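# Understanding the architecture of this molecule
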Amino acid sequence: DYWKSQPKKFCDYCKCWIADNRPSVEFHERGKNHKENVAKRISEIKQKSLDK
Amino acid sequence: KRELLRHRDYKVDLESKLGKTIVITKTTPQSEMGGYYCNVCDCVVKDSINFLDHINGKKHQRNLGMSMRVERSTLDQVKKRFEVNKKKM
Amino acid sequence: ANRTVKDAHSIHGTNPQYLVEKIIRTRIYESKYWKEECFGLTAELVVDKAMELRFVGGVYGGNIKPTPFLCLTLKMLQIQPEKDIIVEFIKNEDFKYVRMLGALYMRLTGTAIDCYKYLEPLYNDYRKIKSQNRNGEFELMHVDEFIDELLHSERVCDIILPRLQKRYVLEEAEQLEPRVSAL
Amino acid sequence: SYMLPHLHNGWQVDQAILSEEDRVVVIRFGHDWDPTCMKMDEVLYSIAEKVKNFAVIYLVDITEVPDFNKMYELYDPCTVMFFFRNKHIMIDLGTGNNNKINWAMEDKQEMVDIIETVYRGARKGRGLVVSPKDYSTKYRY
Amino acid sequence: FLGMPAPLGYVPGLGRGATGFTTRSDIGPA
Amino acid sequence: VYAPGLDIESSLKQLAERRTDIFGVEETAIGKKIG
Amino acid sequence: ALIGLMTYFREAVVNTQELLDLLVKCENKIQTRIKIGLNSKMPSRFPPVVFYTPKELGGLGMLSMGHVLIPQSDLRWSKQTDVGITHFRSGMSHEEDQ
Amino acid sequence: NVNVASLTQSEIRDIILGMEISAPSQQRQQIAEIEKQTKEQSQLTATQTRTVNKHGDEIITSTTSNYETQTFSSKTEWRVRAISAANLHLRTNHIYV
Amino acid sequence: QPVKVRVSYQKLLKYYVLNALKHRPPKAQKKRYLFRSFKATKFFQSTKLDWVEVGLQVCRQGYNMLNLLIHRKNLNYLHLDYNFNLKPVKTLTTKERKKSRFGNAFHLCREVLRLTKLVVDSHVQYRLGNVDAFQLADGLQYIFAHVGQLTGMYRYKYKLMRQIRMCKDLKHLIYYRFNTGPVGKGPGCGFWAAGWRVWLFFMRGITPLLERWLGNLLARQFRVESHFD
Amino acid sequence: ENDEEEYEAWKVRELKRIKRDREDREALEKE
Amino acid sequence: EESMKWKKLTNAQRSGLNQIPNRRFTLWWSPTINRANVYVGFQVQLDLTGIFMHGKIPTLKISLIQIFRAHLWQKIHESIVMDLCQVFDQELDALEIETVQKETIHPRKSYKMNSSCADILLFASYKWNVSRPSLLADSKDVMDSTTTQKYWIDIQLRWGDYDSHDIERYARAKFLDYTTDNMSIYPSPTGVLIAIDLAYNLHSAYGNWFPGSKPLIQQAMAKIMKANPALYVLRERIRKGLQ
RNA sequence: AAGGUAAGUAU
RNA sequence: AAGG
Ligand SMILES: O=P(O)(O)O[C@H]1[C@@H](OP(=O)(O)O)[C@@H](OP(=O)(O)O)[C@@H](OP(=O)(O)O)[C@@H](OP(=O)(O)O)[C@H]1OP(=O)(O)O
């Protein structure tokens, strides 16, 4: 009767929590939103570096 | 420049790949993944009903340079359609 | 699409498609036949699909599944055909199902005058047809029986037909000639 | 009721929700003059120091700040909502509304336990936590 | 920050990506 | 954790404005501020 | 509490009609407490077997000072044998509710 | 049929003592697979089947979850019969003429 | 006479006595007329119509108002039929059936409109020639004597058990004063005045509550001994 | 064969339609 | 539960830990509380499971989630189907089966109680003689109704409550509903539907039968129920939850 | 009429 | 991915 919580992964780019297994992680990463967030993060990193 | 809606002259092979198994890897793009895919709208749909909804959607017709408006038919062409259909059989 | 065409006018003070119950309309809109062969249909395309009809009926099965006849009826309600188009559907002689579809549309949207002017002359047809029951079973009836149900039964093919002024009431005011049967 | 910090516009509420990354943002939506809100605010004031390690409490006037009335259905005399890392953490209180505490509590330990449960569940990455106590009844005998 | 005024043209709903909820239909201005 | 002193005073002033069953001379409803 | 009361007033309860109504009311109150602890909505009918079964068999070991009927629909059970499945009932010959 | 080099210190102690590291049975091996979540389950295979939705509409769906995907290698399947017919000359040497 | 009609007599007398005791003289007021002020504004016009036509118009307008209320949060999975029965178009999910929740006021208004639809439909059936005048009267009497069966008003306001019980008592009184002598049991009693009065007196008191609820919902905007410390 | 059976069925349907018309007229005649 | 009784815990932690006795009590009597006769209302089907909740019984729902973790329902259905596949493979010549095919199905096929498809497809070398539909226990088969060359087998799992745990009635209703509706599609009209009551360990089968199918499948299903691995996992999980 | 919403990520 |  002991409750074992399934591991959860937090996607920093999308700021969302997903299940920590290969299927869910790969489905999230393959999605359009994750790719858009990754590209936006890269652009923001470049902009911050240039501003600094 | 949105052309009026037209009927699909071709049937959709919803049941073409029944029973088949498709192997998908990380490298495989959306083109060859399992389910239904439309290049016109570049999307993947894993249902027959949802694929029918998609190909009947506004965005899919818009990507075809088309509009959801259906032209109002005329009497002469309806009568000619009757005549040609009667002649065919 | 799914909505009524812009140029269409209201029928019986409501939307033309609203003559069918919202339950049945929702079931038809979600049917495979409607999404596949009824995405875009003009009068020509409706004529093309009408001849492929093999039976007349409403919905069947435990879950509400519409027949192609009901889907075509709802499509013609959606995209309004002119009255002469309905008459040409009725005037058809080779195909019984196209004439029945036209008669059903005339009963649904036509005036009480039209329901007797254009559908009563169809009593001369006695061609055998197949009708699908609500249990999915098929039964044989005739064209005249379907016309009689259209003119006298409140619900035909799982559709509550609009009210008709009774034939004797129409005859008394003498705006419609009394029906003279062939026999 | 008056010793707690107040937020005077919707932008302040958004910033307060956004600012705290490691603490639960407990925000009470209502009016300082409403007796139910007075009870709830007294309860929150009694626990404000205790839960300051993992919770921060703010009060918002829904007439001065009406920017969340339609959004959060703030049409009750008192309402307490929980946010953690810019996410509204729902709680299964057993009242049928899992989004807020729309009544006034009387036990400090009750509210502290609810705050702790929300904090733990939100840290684990959950959008809904189950309250340690059910509120389908008032336990009045 | 407390005391600071709201910037002009700021919507307190979508400014932080907040999502609302509906418990019932008899509550709320349509 | 608690509000500053001037903020406490302002909050109490708002409460007194909106609570005429406790403060003021004339007594309006519990939530009203006109009187 | 109930046996402390009853073993004390063993002979005096029966003539005390106000106590009989109080015992039933309190028993129903605690049964309602258990029921609402189980689910929020009240059951239309809740079997006494879950309450009055001895704790050894998994029940609550409840003691009763009231008139509680057990529906005959709650006295039937079935077990699967090799030849088939056989149905059994308790209190046969169509007796009244136990 | 194991190498002594790969045995760990705890395994060596168990061997020296009477502790028995018994191989799990075929039933026990199946139980462990069912009891535990699939190891690093990879949905590398998509299967399309004819199903119905929650509203009773026949639908063709492509699914990748690795459930109801076990293959039954029957004695009639040609893959098994191919290796069965391999080395068939064994039955040829011994005959009942 | 049977026990039920005697209890009917006693309950009617109880209602009469309670009304007599609880009577208070009307409070003095300035004469303000709602319909006269309707005429003052430009939004209302006056005409003369047959009562059946106005009944159909009011039924349609109430149906439209309820449909506007139902599809307020774009809840497209709830369908209101023309007999004022709220039914789902599909098999609703749990969240769907939770968000499709209406208060007791909405359902009370729906059942009130359902009663009006029943009355207007009976009158229309009389006007269409489908039913006789005696049949129309008997149907109207059955409507008011069986509001608890035809409509579910008591579910959303249990105080209507008073009106329902009063209607049952009046039905017993009129039937046992009516089905006497050569006249036996069965349909055809008519004499629907009593239940009609009862339900109109219910409406004169239920009107302000529904007015307030509808006004709040349709608008653009939606002691010492306890907290003395 | 098939044509004769179809003609018989059509005649039966016509007789039924005549009977239905007579019944419809008699409905107003009696009332 | 014993170890945490003597550890430093907050009030919320201890309050959460006092519910395990209540969870054990609720799941012990679950076939009685979780009834449509007891809790009149709509049913909600538990996700990943064939269990219907007749009311929000979170004390029972939480403990039912543990028992059917790691897709236990799907694994049980798959194991039973596979075992029947081996059973029919071992009897190819005696039963005149030309091939035994395990049909490809939806991953959630065991979950869908609205309709179902065939699980195992049997092909005959020559046309079989098919009996009228009858229960698994029944032995009076005329065995002369019709003939067929394709035979299908349907495996149904259910979690019966106290009132509804007649597995024979369930099998009869499921066979007469799925084979006569417009939702369930089957390769051939003739086939058998096998229903398993996981909450009561009752098994039955209703449908047509070809010569030798019923006598084999009787002890086949008996042995499957006695010694299934996934069924054993379910039994052990229930025992551990019940202590 | 309720106290019977899993929280999601994808399309 | 589709609906107003
Ligand atoms: O309210 P009750 O006195 O029980 O009336 C019911 C019944 O009513 P229901 O349809 O609600 O069951 C009929 O009354 P009406 O519906 O006709 O008003 C019937 O009346 P008749 O047979 O006289 O037409 C008869 O009432 P009565 O006692 O006057 O015969 C009968 O009563 P019982 O149920 O007591 O037989």
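Heads up: these notes are all about the structure in this document. (Residues numbered from 1 in each chain as written, not as in the entry; some residues may be left out. Chains lettered and ligands numbered in written order. Part of a larger assembly, values for the part shown. Heavy atoms only, no water. Residues with missing side-chain atoms left out of burial classes, pairs and counts.)

### Here's the deal with the overall build of chain C
Within chain C one finds nine helices and six strands. In terms of C-alpha radius of gyration, chain C reaches 16 Å, essentially the compact-globule figure of 16 Å for 183 residues. The C-alpha extent of chain C, read off along each of the three principal axes, is 45 × 40 × 30 Å. A burial count over chain C gives 62% of its 183 residues as buried. The long-range share in chain C, meaning contacts at least 24 apart out of those at least 6 apart in sequence, stands at 64%. Of the roughly 8,300 Å² of accessible surface on chain C, a fraction of 48% belongs to carbon and sulfur atoms. Here chain C carries 26 positive and 28 negative side-chain charges, and the mean point of each set is 6 Å from the other. (Helix = DSSP H or I, 4+ residues; strand = E, 2+ residues; numbered from the N terminus. Rg over C-alpha atoms; globule rule 2.2 N^0.38 Å. Buried < 20%, exposed > 50% of the residue type's maximum accessible area, 1.4 Å probe, protein only. Contact = heavy atoms within 4.5 Å. Areas by Shrake-Rupley, 256 points an atom, 1.4 Å probe, with all protein chains shown as cover. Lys, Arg positive; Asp, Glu negative; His and termini not counted. Charge placed at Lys NZ, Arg CZ, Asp CG, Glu CD.)

### Focus on the interface of chain H and chain K
Taken together, the 31 residues of chain H in the interface contact 36 residues of chain K. Contact between chain H and chain K buries roughly 2,700 Å² in total, counting both sides, with carbon and sulfur atoms accounting for 57%. Looking only at chain H, the three residues that lose the most surface to chain K are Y67, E68 and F72 of chain H, adding up to 31% of its buried area. Here chain H is connected to chain K by zero salt bridges. Taken together, chain H and chain K are joined by 12 residue pairs in polar contact. A per-element tally of the side of chain H that touches chain K places helix α2 (residues 26-35) of chain H first, with seven residues. Looking at side-chain class alone, the side of chain H that touches chain K contains five nonpolar, 17 polar and nine charged residues. (Buried area = accessible area lost by both parts, 1.4 Å probe. Salt bridge = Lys/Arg side-chain N within 4 Å of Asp/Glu carboxyl O. Polar contact = N/O pair within 3.5 Å; in protein donor to acceptor, adjacent residues only side chain to side chain. Nonpolar A, V, L, I, M, F, W, Y, C, P; charged D, E, K, R; others polar.)

### Topic: the protein's contact with RNA strand M
In the region of RNA strand M, the neighbouring residues are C43, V45, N50, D53, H54, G57, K58 and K59 of chain B together with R3 of chain C. A share of 95% of the atoms of RNA strand M within 4 Å of the protein falls on sugar and phosphate groups. Here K58 of chain B contributes a backbone N or O atom positioned 2.7 Å from a phosphate oxygen of RNA strand M. At 3.1 Å, a side-chain N or O of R3 of chain C approaches a sugar or linking oxygen of RNA strand M. Mapped onto the surface near RNA strand M, the elements with two or more residues apiece are β4 (43-45), α1 (48-55) and α2 (58-63) of chain B. Class assignment of the residues belonging to the surface near RNA strand M gives a composition of two nonpolar, three polar and four charged. (Near = heavy atom within 4 Å.)

### Digging into the protein's contact with RNA strand L
Among the 42 residues in the neighbourhood of RNA strand L, the closest are listed as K32 of chain A, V44 of chain B, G94 of chain D together with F102 and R155 of chain I. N99 of chain D has a polar side-chain atom sitting 3.3 Å from a base oxygen of RNA strand L. In this structure, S40 of chain G approaches RNA strand L through a side-chain N or O atom, which is 3.1 Å from a base nitrogen. Elements represented by at least two residues in the surface near RNA strand L include exactly β2 (16-19), α1 (22-30) and α2 (32-51) of chain A, β4 of chain B together with α4 (94-99) and α8 (153-156) of chain I. By residue number, the principal contributor to the surface near RNA strand L is α4 of chain I, which donates four residues. Of the residues contributing to the surface near RNA strand L, the split by class is 15 nonpolar, 18 polar and nine charged.

### Thoughts on the environment of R41 of chain A
Residues and elements named next belong to chain A. The topology assignment puts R41 in helix α2. Classification of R41 by relative accessible area gives partly exposed; the value is 29%. Spatially, the C-alpha atom of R41 lies 12 Å from that of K15, the residues being 26 residues apart in sequence. In this structure, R41 is in contact with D12 and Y13, ignoring residues within four places of it in sequence.

### Some details on the nonpolar core
Residues and elements named next belong to chain K. One finds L84, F88, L122, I153, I194 and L198 to be the most contacted residues of the largest nonpolar core, which totals 65 residues. Examining the composition of this core, we find that nine residues originate from one element, helix α5 (residues 72-90), more than from any other. Ignoring anything within four residues of it in the chain, the contact list for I153 reads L84, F88, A118, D119, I120, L122, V192 and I194. (Core = buried A, V, L, I, M, F, W, Y, C linked by side-chain atoms within 4.5 Å.)

### Brief notes about the sheet that holds strand β4 (residues 78-83) of chain D
Residues and elements named next belong to chain D. The mixed open sheet is built from four strands, whose spatial order is β1-β3-β2-β4. The sheet terminates laterally at β1 (6-7) and β4, the two strands that pair on one side only. Looking at chain direction, strand β2 (residues 24-30) and β4 are connected through six bridges and run antiparallel. Bridged to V25 within β4 is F83. (Pairing = 2+ DSSP bridges.)

### As for the state of the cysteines
This structure, assessed with the given rule, holds zero disulfides over all chains. Free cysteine: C167 of chain I, not disulfide-bonded; nearest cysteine sulfur from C189 of chain I at 13 Å. Judged by relative accessible area, which is 3%, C167 of chain I ranks as buried. The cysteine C85 of chain K is free of any disulfide, with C117 of chain K supplying the nearest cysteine sulfur at 13 Å. (Disulfide = S-S within 2.5 Å.)

### What about the packing of helix α3 (residues 75-88) of chain B against helix α5 (residues 83-91) of chain C?
Axis separation between α3 of chain B and α5 of chain C bottoms out at 10 Å; the angle between their running directions is 15°. Comparing their axes, α5 of chain C and α3 of chain B come out roughly parallel. Viewed along their axes, α3 of chain B and α5 of chain C form a crossing whose handedness is right-handed. In contact with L75, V78, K79 and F82 of chain B of α3 of chain B, α5 of chain C contributes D84, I85, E88 and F89 of chain C. Grouping the amino acids of the contact of α3 of chain B with α5 of chain C by side-chain chemistry returns five nonpolar, no polar and three charged. (Axes fitted to C-alpha atoms, helices over the stretch in contact; angles between N-to-C directions. Parallel < 35°, antiparallel > 145°, perpendicular 65-115°, else oblique. Left-handed = near helix turned anticlockwise from the far one by under 90°.)

### What about the site of the ligand?
Residues and elements named next belong to chain I. Near the ligand the following residues occur: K4, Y142, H146, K168, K171, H172, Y175, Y176, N179, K185 and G186. Separating an oxygen atom of the ligand from a side-chain N or O atom of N179 is a distance of 3.1 Å. Backbone polar atom of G186 to an oxygen atom of the ligand: 2.9 Å apart, as the coordinates give it. When the free accessible area of the ligand is taken as 630 Å², the share hidden by the protein chains comes to 61%. No other element matches helix α9 (residues 160-178), which puts five residues into the shell around the ligand. A breakdown of the residues in the shell around the ligand according to their chemical character gives three nonpolar, four polar and four charged.

### Re the arrangement of the chains
Here the protein chains form 21 pairs of chains in contact, of which the pair with the most contacts is chains H and K. Spatially, chain B is disjoint from chain I: no contact exists, and the shortest C-alpha separation is 17 Å.

### Notes on the sheet that holds strand β5 (residues 134-135) of chain K
All names here are of chain K. Strand order in the open sheet formed by six strands is β3-β4-β6-β7-β8-β5, and the pairing between neighbours is mixed. Unpaired on one side and paired on the other, β3 (97-102) and β5 mark the two borders of the sheet. Direction of pairing for strand β6 (residues 146-158) relative to strand β7 (residues 191-197): parallel, over a ladder of seven bridges. Residue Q156 lies in a different strand from β7, and its bridge partner there is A195. Here α5 sits on the sheet and contacts β3, β4 (120-130), β6 and β7; the angle it forms with β6, its principal contact strand, is near 150°.

### A word on the environment of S116 of chain K
Residues and elements named next belong to chain K. Relative to the assigned elements, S116 resides in the loop between β3 and β4. Along the chain, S116 and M183 lie 67 residues apart, while their C-alpha atoms are 8.0 Å from each other. Excluding its chain neighbours within four sequence positions, the residues that come into contact with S116 are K109, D154, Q156, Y178, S184, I185 and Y186. A distance of 3.2 Å separates a polar atom in the side chain of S116 from a polar atom in the side chain of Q156. A distance of 3.0 Å separates a polar atom in the side chain of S116 from a polar atom in the side chain of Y186.

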